[PDB]
>>> print(open('data34.cif').read())   # mmCIF, C-alpha atoms and all ligand atoms
data_data
loop_
_atom_site.label_atom_id
_atom_site.label_comp_id
_atom_site.auth_asym_id
_atom_site.auth_seq_id
_atom_site.Cartn_x
_atom_site.Cartn_y
_atom_site.Cartn_z
CA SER E 84 -1.86 38.97 12.89
CA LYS E 85 0.71 40.77 10.75
CA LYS E 86 4.48 40.63 10.68
CA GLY E 87 6.04 44.05 10.66
CA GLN E 88 5.01 47.67 10.59
CA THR E 89 2.17 48.88 8.44
CA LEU E 90 3.20 50.35 5.11
CA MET E 91 1.12 51.77 2.32
CA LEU E 92 1.66 53.13 -1.18
CA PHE E 93 0.28 56.23 -2.72
CA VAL E 94 -0.29 55.72 -6.42
CA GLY E 95 -0.96 58.62 -8.80
CA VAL E 96 -2.70 57.97 -12.08
CA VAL E 97 -2.41 59.88 -15.36
CA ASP E 98 -4.29 59.22 -18.57
CA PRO E 99 -1.71 60.00 -21.28
CA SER E 100 -4.53 60.62 -23.74
CA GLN E 101 -5.67 63.46 -21.41
CA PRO E 102 -2.42 64.38 -19.54
CA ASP E 103 -3.39 67.53 -17.52
CA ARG E 104 -6.73 66.05 -16.47
CA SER E 105 -7.10 65.25 -12.77
CA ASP E 106 -10.83 64.38 -12.70
CA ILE E 107 -10.31 60.86 -14.05
CA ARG E 108 -11.96 58.82 -11.29
CA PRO E 109 -13.47 56.13 -13.55
CA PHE E 110 -10.02 55.54 -15.09
CA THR E 111 -8.30 55.48 -11.68
CA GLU E 112 -10.90 53.06 -10.34
CA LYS E 113 -10.54 50.81 -13.38
CA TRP E 114 -6.78 50.65 -13.42
CA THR E 115 -6.12 50.46 -9.68
CA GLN E 116 -8.32 47.40 -9.51
CA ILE E 117 -6.52 45.82 -12.46
CA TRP E 118 -3.13 46.48 -10.84
CA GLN E 119 -4.49 45.04 -7.59
CA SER E 120 -5.47 41.88 -9.49
CA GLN E 121 -2.08 41.60 -11.18
CA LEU E 122 -0.32 42.08 -7.83
CA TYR E 123 -2.61 39.48 -6.23
CA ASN E 124 -1.48 37.03 -8.92
CA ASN E 125 2.15 37.86 -7.99
CA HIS E 126 1.23 36.98 -4.39
CA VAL E 127 1.00 40.54 -3.05
CA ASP E 128 -2.25 41.07 -1.13
CA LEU E 129 -3.40 44.66 -0.70
CA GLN E 130 -6.50 46.77 -0.09
CA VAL E 131 -7.25 49.77 -2.33
CA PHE E 132 -8.75 53.09 -1.29
CA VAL E 133 -9.32 55.66 -4.06
CA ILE E 134 -8.78 58.88 -2.12
CA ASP E 135 -8.73 61.39 -5.01
CA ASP E 136 -9.96 61.27 -8.59
CA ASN E 137 -6.36 60.52 -9.64
CA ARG E 138 -4.76 59.02 -6.54
CA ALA E 139 -5.15 55.82 -4.56
CA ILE E 140 -3.72 54.15 -1.49
CA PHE E 141 -2.59 50.51 -1.60
CA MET E 142 -2.41 49.10 1.95
CA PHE E 143 -0.34 45.94 2.28
CA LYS E 144 -1.12 42.84 4.22
CA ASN E 145 2.65 42.31 4.37
CA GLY E 146 4.63 45.56 4.36
CA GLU E 147 7.78 43.71 3.31
CA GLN E 148 6.23 43.58 -0.19
CA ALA E 149 5.90 47.35 -0.60
CA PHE E 150 8.99 47.55 -2.74
CA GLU E 151 7.92 44.73 -5.04
CA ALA E 152 4.62 46.56 -5.52
CA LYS E 153 6.25 49.93 -6.18
CA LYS E 154 8.59 48.34 -8.73
CA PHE E 155 5.65 46.70 -10.52
CA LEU E 156 3.56 49.89 -10.52
CA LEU E 157 6.34 52.04 -11.92
CA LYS E 158 6.39 49.72 -14.98
CA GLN E 159 2.74 50.53 -15.77
CA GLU E 160 1.76 53.08 -18.38
CA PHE E 161 -0.87 54.92 -16.34
CA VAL E 162 1.11 55.28 -13.09
CA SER E 163 2.44 58.79 -12.65
CA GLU E 164 4.12 58.37 -9.30
CA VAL E 165 4.40 56.07 -6.34
CA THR E 166 5.53 56.78 -2.80
CA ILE E 167 5.79 54.47 0.21
CA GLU E 168 4.90 55.68 3.68
CA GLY E 169 4.79 54.28 7.16
CA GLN E 170 3.11 55.81 10.17
CA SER E 171 3.45 59.57 10.51
CA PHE E 172 4.30 59.72 14.25
CA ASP E 173 5.17 57.14 16.97
CA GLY E 174 1.85 55.68 18.09
CA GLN V 88 -10.29 42.97 12.63
CA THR V 89 -8.31 46.19 12.37
CA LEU V 90 -10.50 49.24 11.78
CA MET V 91 -9.56 52.67 10.60
CA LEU V 92 -10.99 56.14 10.42
CA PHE V 93 -10.63 58.56 7.51
CA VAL V 94 -10.50 61.98 9.15
CA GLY V 95 -11.00 65.31 7.36
CA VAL V 96 -9.56 68.41 9.05
CA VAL V 97 -10.78 72.01 8.76
CA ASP V 98 -9.24 75.17 10.11
CA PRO V 99 -12.21 77.53 10.63
CA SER V 100 -9.80 80.50 10.49
CA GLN V 101 -8.69 79.44 6.98
CA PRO V 102 -12.14 78.53 5.68
CA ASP V 103 -12.37 76.69 2.36
CA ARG V 104 -8.63 75.96 2.33
CA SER V 105 -7.20 72.47 2.04
CA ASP V 106 -3.53 73.54 2.12
CA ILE V 107 -3.36 73.44 5.93
CA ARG V 108 -0.73 70.75 6.47
CA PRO V 109 0.91 72.29 9.56
CA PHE V 110 -2.50 72.57 11.24
CA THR V 111 -3.39 68.98 10.25
CA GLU V 112 -0.07 67.63 11.51
CA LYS V 113 -0.49 69.46 14.82
CA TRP V 114 -4.10 68.49 15.48
CA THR V 115 -3.84 64.84 14.44
CA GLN V 116 -0.87 64.52 16.81
CA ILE V 117 -2.84 66.18 19.61
CA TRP V 118 -5.90 63.96 19.08
CA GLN V 119 -3.67 60.89 18.96
CA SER V 120 -2.03 61.96 22.24
CA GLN V 121 -5.35 62.70 23.96
CA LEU V 122 -6.73 59.33 22.91
CA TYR V 123 -3.54 57.60 24.10
CA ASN V 124 -3.86 59.26 27.51
CA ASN V 125 -7.25 57.49 27.71
CA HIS V 126 -5.74 54.18 26.60
CA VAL V 127 -6.67 54.21 22.94
CA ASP V 128 -3.60 53.53 20.78
CA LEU V 129 -3.71 54.37 17.11
CA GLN V 130 -1.33 55.10 14.24
CA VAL V 131 -1.77 58.18 12.05
CA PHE V 132 -1.07 58.22 8.32
CA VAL V 133 -1.40 61.72 6.90
CA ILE V 134 -2.84 61.29 3.37
CA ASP V 135 -3.40 64.89 2.25
CA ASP V 136 -2.79 68.39 3.57
CA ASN V 137 -6.21 68.19 5.34
CA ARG V 138 -6.81 64.43 5.74
CA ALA V 139 -5.46 61.49 7.71
CA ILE V 140 -6.12 57.84 8.39
CA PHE V 141 -6.24 56.74 12.05
CA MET V 142 -5.65 53.01 12.30
CA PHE V 143 -6.85 50.95 15.26
CA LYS V 144 -5.24 47.53 15.62
CA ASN V 145 -7.47 47.09 18.64
CA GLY V 146 -10.29 47.58 16.17
CA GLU V 147 -13.24 48.28 18.44
CA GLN V 148 -11.50 51.40 19.77
CA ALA V 149 -12.16 52.99 16.41
CA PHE V 150 -15.81 53.63 17.31
CA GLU V 151 -14.80 55.40 20.52
CA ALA V 152 -12.39 57.55 18.60
CA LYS V 153 -14.99 58.25 15.93
CA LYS V 154 -17.34 59.62 18.60
CA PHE V 155 -14.52 61.74 20.09
CA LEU V 156 -13.44 63.11 16.69
CA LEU V 157 -16.87 63.91 15.28
CA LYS V 158 -17.37 66.35 18.17
CA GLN V 159 -14.07 68.20 17.54
CA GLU V 160 -14.35 71.69 16.07
CA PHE V 161 -11.54 71.04 13.61
CA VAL V 162 -12.89 67.75 12.24
CA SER V 163 -15.01 68.09 9.09
CA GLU V 164 -15.88 64.42 8.61
CA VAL V 165 -15.00 60.99 9.89
CA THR V 166 -15.80 57.68 8.22
CA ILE V 167 -14.96 54.16 9.40
CA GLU V 168 -13.60 51.35 7.22
CA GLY V 169 -12.53 47.78 7.96
CA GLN V 170 -9.18 46.30 6.99
CA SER V 171 -10.04 43.54 4.56
CA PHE V 172 -7.97 41.66 1.99
CA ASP V 173 -9.68 39.73 -0.80
CA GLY V 174 -9.10 36.02 -0.33
CL CL E 201 -2.09 38.78 -13.91
CL CL E 202 -9.65 46.30 -1.77
CL CL E 203 8.84 56.87 -1.86
CL CL E 204 1.66 57.30 14.34
#
>>> encode(input="data34.cif", output="structure tokens", more="lines below")
Ligand SMILES: [Cl-]
Ligand SMILES: [Cl-]
Ligand SMILES: [Cl-]
Ligand SMILES: [Cl-]
Amino acid sequence: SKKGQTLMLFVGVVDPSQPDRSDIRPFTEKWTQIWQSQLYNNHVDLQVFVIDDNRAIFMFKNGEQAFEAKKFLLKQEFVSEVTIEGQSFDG
Amino acid sequence: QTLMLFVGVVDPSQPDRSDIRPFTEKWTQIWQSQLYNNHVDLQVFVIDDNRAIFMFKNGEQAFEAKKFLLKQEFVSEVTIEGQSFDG
């Protein structure tokens, strides 16, 4: 069982070597898994879903850690943006 | 185990358009409400202008919802995933 509401991140990826290119799925898959590993080693457990060729969702086991994860991701070269969202309605 | 559904939405009156956020927001709310009136509680996370995640913390209810959603005119696709953290 979890403590707290469910939060996730959306994480955009840009390859600076090809900056206007959105169809970079291999690169997004590579780097999101690396970031997941680095976050795991900082004691932040999350599940990754690659939902576009250049965008992924990180779902947290503990939503309290969403800000630590956003802060980490925004330090990474290939992260273009990061937003945090909770549930859309009231269910 | 918590289960979730990835739900794709299509507006047949705006065929081949993904920029249908108002329609997606309306219909995901309606489906959530209809399921709640039959005792299935879920949370919606809208993830694109035509896609949402429905999360079922009573996990088994996800298969009931999947059956309900796949027969909706405005649902293009529904896939089911389990919540799982490496460890
Ligand atoms: Cl590391
Ligand atoms: Cl994962
Ligand atoms: Cl944000
Ligand atoms: Cl909700």
>>> residues_near_ligand(input="data34.cif", ligand="ligand CL 203 (chain E)", cutoff="12 Å", atoms="all atoms listed in the file", output="CSV table (one decimal) with C-alpha atoms, keeping the file's coordinate frame")
chain,number,residue,atom,x,y,z
E,90,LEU,CA,3.2,50.4,5.1
E,91,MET,CA,1.1,51.8,2.3
E,92,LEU,CA,1.7,53.1,-1.2
E,93,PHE,CA,0.3,56.2,-2.7
E,94,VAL,CA,-0.3,55.7,-6.4
E,149,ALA,CA,5.9,47.4,-0.6
E,150,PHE,CA,9.0,47.6,-2.7
E,152,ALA,CA,4.6,46.6,-5.5
E,153,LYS,CA,6.2,49.9,-6.2
E,154,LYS,CA,8.6,48.3,-8.7
E,157,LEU,CA,6.3,52.0,-11.9
E,164,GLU,CA,4.1,58.4,-9.3
E,165,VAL,CA,4.4,56.1,-6.3
E,166,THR,CA,5.5,56.8,-2.8
E,167,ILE,CA,5.8,54.5,0.2
E,168,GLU,CA,4.9,55.7,3.7
E,169,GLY,CA,4.8,54.3,7.2
>>> interface_residues(input="data34.cif", of="chain E", to="chain V", cutoff="9 Å", atoms="all atoms listed in the file", output="mmCIF file with C-alpha atoms, keeping the file's coordinate frame")
data_model
loop_
_atom_site.group_PDB
_atom_site.id
_atom_site.type_symbol
_atom_site.label_atom_id
_atom_site.label_comp_id
_atom_site.auth_asym_id
_atom_site.auth_seq_id
_atom_site.Cartn_x
_atom_site.Cartn_y
_atom_site.Cartn_z
ATOM 1 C CA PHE E 93 0.280 56.230 -2.720
ATOM 2 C CA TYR E 123 -2.610 39.480 -6.230
ATOM 3 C CA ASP E 128 -2.250 41.070 -1.130
ATOM 4 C CA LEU E 129 -3.400 44.660 -0.700
ATOM 5 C CA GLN E 130 -6.500 46.770 -0.090
ATOM 6 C CA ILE E 134 -8.780 58.880 -2.120
ATOM 7 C CA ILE E 140 -3.720 54.150 -1.490
ATOM 8 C CA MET E 142 -2.410 49.100 1.950
ATOM 9 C CA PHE E 143 -0.340 45.940 2.280
ATOM 10 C CA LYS E 144 -1.120 42.840 4.220
ATOM 11 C CA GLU E 168 4.900 55.680 3.680
ATOM 12 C CA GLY E 169 4.790 54.280 7.160
ATOM 13 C CA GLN E 170 3.110 55.810 10.170
ATOM 14 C CA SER E 171 3.450 59.570 10.510
ATOM 15 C CA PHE E 172 4.300 59.720 14.250
ATOM 16 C CA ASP E 173 5.170 57.140 16.970
ATOM 17 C CA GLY E 174 1.850 55.680 18.090
#
>>> residues_around(input="data34.cif", residues="residue 155 in chain V", least_positions_apart="3", cutoff="12 Å", atoms="all atoms listed in the file", output="PyMOL selection string")
chain V and resi 92+94+118-119+121-122+125+127+148-152+158-162+164-165
>>> atom_distance(input="data34.cif", atom1="CA of residue 113 in chain E", atom2="CA of residue 90 in chain V")
25.2 Å
>>> residues_near_ligand(input="data34.cif", ligand="ligand CL 201 (chain E)", cutoff="8 Å", atoms="all atoms listed in the file", output="ChimeraX atom specification")
/E:120-125
>>> write_last_selection(input="data34.cif", atoms="C-alpha atoms", output="PDB file, in the frame of the given file")
ATOM      1  CA  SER E 120      -5.470  41.880  -9.490  1.00  0.00           C
ATOM      2  CA  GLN E 121      -2.080  41.600 -11.180  1.00  0.00           C
ATOM      3  CA  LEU E 122      -0.320  42.080  -7.830  1.00  0.00           C
ATOM      4  CA  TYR E 123      -2.610  39.480  -6.230  1.00  0.00           C
ATOM      5  CA  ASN E 124      -1.480  37.030  -8.920  1.00  0.00           C
ATOM      6  CA  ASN E 125       2.150  37.860  -7.990  1.00  0.00           C
TER       7      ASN E 125
END
>>> closest_residue(input="data34.cif", among="V:169, V:154, V:102, V:136", to="ligand CL 202 (chain E)", atoms="all atoms listed in the file")
V:169
>>> atom_distance(input="data34.cif", atom1="CA of residue 162 in chain E", atom2="CA of residue 97 in chain E")
6.2 Å
>>> decode(input="data34.cif", residues="range 98-144 of chain E", atoms="N, CA and C atoms", output="short mmCIF file (atom, residue, chain, number, x, y, z; two decimals), in the first residue's frame")
data_model
loop_
_atom_site.label_atom_id
_atom_site.label_comp_id
_atom_site.auth_asym_id
_atom_site.auth_seq_id
_atom_site.Cartn_x
_atom_site.Cartn_y
_atom_site.Cartn_z
N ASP E 98 17.55 15.23 -28.34
CA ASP E 98 18.93 14.94 -28.71
C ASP E 98 19.53 16.24 -29.26
N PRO E 99 20.49 16.84 -28.54
CA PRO E 99 21.02 18.13 -28.97
C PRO E 99 21.74 18.08 -30.32
N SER E 100 22.22 16.88 -30.64
CA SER E 100 22.91 16.61 -31.89
C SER E 100 21.93 16.56 -33.07
N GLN E 101 20.64 16.38 -32.76
CA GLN E 101 19.54 16.46 -33.74
C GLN E 101 18.31 17.17 -33.14
N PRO E 102 18.39 18.49 -32.91
CA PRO E 102 17.49 19.22 -31.98
C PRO E 102 15.96 19.34 -32.28
N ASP E 103 15.60 19.37 -33.56
CA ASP E 103 14.25 19.43 -34.09
C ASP E 103 13.66 18.05 -34.38
N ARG E 104 14.40 17.01 -34.04
CA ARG E 104 13.95 15.65 -34.34
C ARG E 104 13.12 15.08 -33.19
N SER E 105 11.89 14.71 -33.49
CA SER E 105 11.01 14.10 -32.51
C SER E 105 11.02 12.57 -32.54
N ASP E 106 11.33 11.96 -33.69
CA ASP E 106 11.31 10.51 -33.81
C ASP E 106 12.65 9.94 -33.35
N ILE E 107 12.84 9.99 -32.04
CA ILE E 107 14.10 9.58 -31.40
C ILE E 107 13.81 8.50 -30.36
N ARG E 108 12.92 7.57 -30.67
CA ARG E 108 12.54 6.56 -29.68
C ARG E 108 13.70 5.75 -29.12
N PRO E 109 14.65 5.29 -29.94
CA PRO E 109 15.75 4.52 -29.33
C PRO E 109 16.51 5.33 -28.26
N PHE E 110 16.69 6.61 -28.52
CA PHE E 110 17.42 7.52 -27.64
C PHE E 110 16.60 7.77 -26.38
N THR E 111 15.31 7.98 -26.53
CA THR E 111 14.43 8.15 -25.36
C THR E 111 14.39 6.90 -24.52
N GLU E 112 14.33 5.74 -25.15
CA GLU E 112 14.29 4.49 -24.40
C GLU E 112 15.62 4.28 -23.68
N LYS E 113 16.74 4.58 -24.32
CA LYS E 113 18.03 4.42 -23.69
C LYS E 113 18.13 5.30 -22.46
N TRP E 114 17.87 6.59 -22.65
CA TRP E 114 18.17 7.54 -21.59
C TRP E 114 17.16 7.51 -20.45
N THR E 115 15.89 7.25 -20.74
CA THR E 115 14.93 7.13 -19.65
C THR E 115 15.27 5.96 -18.76
N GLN E 116 15.77 4.87 -19.30
CA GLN E 116 16.13 3.76 -18.44
C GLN E 116 17.37 4.08 -17.62
N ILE E 117 18.32 4.79 -18.19
CA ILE E 117 19.50 5.22 -17.43
C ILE E 117 19.09 6.14 -16.29
N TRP E 118 18.25 7.14 -16.57
CA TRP E 118 17.78 8.03 -15.50
C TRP E 118 17.03 7.24 -14.44
N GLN E 119 16.22 6.28 -14.85
CA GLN E 119 15.52 5.43 -13.89
C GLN E 119 16.53 4.72 -12.99
N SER E 120 17.60 4.21 -13.57
CA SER E 120 18.63 3.53 -12.76
C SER E 120 19.31 4.49 -11.79
N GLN E 121 19.68 5.67 -12.25
CA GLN E 121 20.30 6.67 -11.40
C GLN E 121 19.36 7.09 -10.27
N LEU E 122 18.08 7.26 -10.55
CA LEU E 122 17.11 7.60 -9.54
C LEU E 122 16.92 6.45 -8.56
N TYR E 123 16.92 5.21 -9.04
CA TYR E 123 16.82 4.05 -8.17
C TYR E 123 17.99 4.11 -7.18
N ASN E 124 19.18 4.43 -7.64
CA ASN E 124 20.35 4.46 -6.77
C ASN E 124 20.32 5.63 -5.77
N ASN E 125 19.47 6.62 -6.01
CA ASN E 125 19.18 7.72 -5.10
C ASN E 125 17.92 7.41 -4.28
N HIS E 126 17.45 6.17 -4.36
CA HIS E 126 16.36 5.68 -3.54
C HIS E 126 14.98 6.20 -3.95
N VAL E 127 14.83 6.50 -5.24
CA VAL E 127 13.55 6.87 -5.82
C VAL E 127 13.11 5.78 -6.78
N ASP E 128 12.12 4.98 -6.38
CA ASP E 128 11.56 3.93 -7.21
C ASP E 128 10.48 4.48 -8.13
N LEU E 129 10.54 4.11 -9.40
CA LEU E 129 9.55 4.58 -10.36
C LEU E 129 9.43 3.56 -11.47
N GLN E 130 8.31 3.63 -12.18
CA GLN E 130 8.02 2.81 -13.36
C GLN E 130 8.00 3.74 -14.58
N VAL E 131 8.61 3.34 -15.68
CA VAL E 131 8.67 4.14 -16.89
C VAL E 131 7.75 3.61 -17.97
N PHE E 132 7.02 4.52 -18.60
CA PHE E 132 6.23 4.22 -19.79
C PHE E 132 6.64 5.21 -20.86
N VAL E 133 7.20 4.74 -21.97
CA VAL E 133 7.54 5.60 -23.10
C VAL E 133 6.27 5.76 -23.92
N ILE E 134 5.67 6.94 -23.88
CA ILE E 134 4.35 7.15 -24.48
C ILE E 134 4.41 7.89 -25.81
N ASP E 135 5.56 8.48 -26.15
CA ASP E 135 5.80 9.07 -27.47
C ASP E 135 7.26 8.81 -27.79
N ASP E 136 7.65 9.06 -29.03
CA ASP E 136 9.04 8.80 -29.42
C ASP E 136 10.02 9.68 -28.65
N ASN E 137 9.53 10.79 -28.11
CA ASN E 137 10.35 11.73 -27.34
C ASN E 137 9.72 12.16 -26.02
N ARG E 138 8.90 11.31 -25.43
CA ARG E 138 8.28 11.66 -24.16
C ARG E 138 7.96 10.40 -23.38
N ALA E 139 8.23 10.45 -22.08
CA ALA E 139 7.95 9.33 -21.19
C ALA E 139 7.23 9.78 -19.94
N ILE E 140 6.56 8.83 -19.30
CA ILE E 140 5.97 9.02 -17.99
C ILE E 140 6.82 8.26 -16.98
N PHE E 141 7.15 8.91 -15.87
CA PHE E 141 7.72 8.27 -14.69
C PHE E 141 6.62 8.25 -13.62
N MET E 142 6.16 7.07 -13.23
CA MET E 142 5.19 6.92 -12.16
C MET E 142 5.91 6.56 -10.87
N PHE E 143 5.63 7.28 -9.80
CA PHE E 143 6.34 7.08 -8.55
C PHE E 143 5.68 6.10 -7.64
N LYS E 144 6.50 5.31 -6.96
CA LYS E 144 6.00 4.49 -5.87
C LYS E 144 5.60 5.39 -4.71
#
